[PDB]
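Residue numbers (PDB author numbering): 1 to 162. The beta carbon of each residue, even a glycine, is placed where N, CA and C say it ideally should be. Only one structure is covered here, and it is reproduced in the block below.
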Ligand SMILES: [Cl-]
Ligand SMILES: [Cl-]
Ligand SMILES: [K+]
């Protein structure tokens with residue numbers, strides 16, 4: 001298990017534009033296109049992202065290219081965020097992947113708002129952090145995925161993805 005395999009499980013792979021869990025146009029392995037309700041706007045974002053007129057459909061290799069870019073951007077995003085960087089640096093490699101997963105799903109700003117959970121993670125108060133993480137819109141709206149991520153933070157193992 002690694003961050004790519006983890007997010008591939010959580011996000012799936014679809015080669016046509018689809019709506020994500022929040023109703024937003026997305027493609028590939030959870031590549032958000034736009035929050036606009038306009039399908040034409042989403043198709044424009046897609047073509048810009050890929051560099052050709054895709055008419056709402058991409059190939060697996062293109063999906064995986066966007067995924068590489070998105071994972072890189074989530075990680076470097078963590079390192080550029082003054083709230084997230086110290087927590088990330090304090091963590092082991094498996095728990096780092098849990099934090100990357102949250103940022104991929106909700107964005108840096110959103111994750112940086114988990115102030116109390118982040119502090120418990122930095123303190124290595126794993127059971128307490130896990131309880132706190134679940135007190136969230138995130139958990140209530142996507143509970144099965146959040147439970148997997150939270151188990152990863154609680155244990156520092158891949159048990160929820162094996
Ligand atoms: Cl709750
Ligand atoms: Cl879920
Ligand atoms: K998805």
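Would you identify the three-state DSSP class for residue i, choosing helix, strand or coil?
i	result
residue 35	coil
residue 80	coil
residue 110	helix
residue 26	strand
residue 58	coil
residue 212	Because the chain spans 1 through 162 in this model, residue 212 falls outside it and cannot be assessed.
residue 8	helix
residue 66	helix
residue 13	coil
residue 140	helix
residue 48	helix
residue 160	coil
residue 40	helix
Going by the CB atoms, is the gap between residue j and residue i shorter than 8 Å?
i	j	result
residue 29	residue 8	yes
residue 13	residue 25	no
residue 148	residue 161	yes
residue 4	residue 71	yes
residue 120	residue 132	yes
residue 22	residue 34	no
residue 64	residue 81	no
residue 83	residue 112	yes
residue 32	residue 59	no
residue 127	residue 96	no
What is the C-beta distance between residue i and residue j, in whole angstroms, given that I count them as a contact (C-beta under 8 Å)?
i	j	result
residue 51	residue 17	Not confirmed; about 17 Å, so no contact.
residue 87	residue 152	With 8 Å as the limit, residue 87 and residue 152 do not qualify as a contact, their Cβ atoms being about 14 Å apart.
residue 53	residue 61	No, residue 53 and residue 61 are not in contact; Cβ-Cβ is about 17 Å, not under 8 Å.
residue 134	residue 146	7 Å
residue 49	residue 66	6 Å
residue 91	residue 78	The Cβ separation is near 10 Å, so there is no contact.
Starting from the N-terminal side, write out each stretch of the alpha helix (DSSP H) that is 4 residues or longer and does not extend beyond the stretch 90-134.
93-106, 108-112, 115-122 and 126-133
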